[PDB]
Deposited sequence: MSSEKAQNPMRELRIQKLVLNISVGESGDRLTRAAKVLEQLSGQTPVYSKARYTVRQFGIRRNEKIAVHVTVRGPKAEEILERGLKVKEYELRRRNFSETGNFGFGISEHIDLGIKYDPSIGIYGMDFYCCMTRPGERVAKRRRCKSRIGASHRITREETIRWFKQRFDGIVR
């Protein structure tokens, strides 16, 4: 049947903004994420933990809980973009890219006994779509 150890989980939420303009945008990512962003032409920061779902919830609050079908990738990750950062809280356009993992991802990234994750445990597109419909009560069209 189903296991509690195969439930979906947000892994990360990378935020990316594309001389002086990068310097100004680095402070915006620093005040939004709370961490120091890194350069590449473009700046980006990686956000994990319980604040990542808060940032993604605010980003879905910008797009009023509606996302297109073409945005959900076939790997399982999904992303979108907002052209103005003012309504989150010079106009800056930034995109939100989010990755989905189950428990047991560490078997692909550890040093000792690195292995491939199984075929029945890999995340698919339709499960991500069902998760999106279930949690935030958003409609995919």
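- Unmodelled regions of the deposited sequence, numbered from residue 1: 1 to 5, 24 to 27, 50 to 65, 115 to 121.
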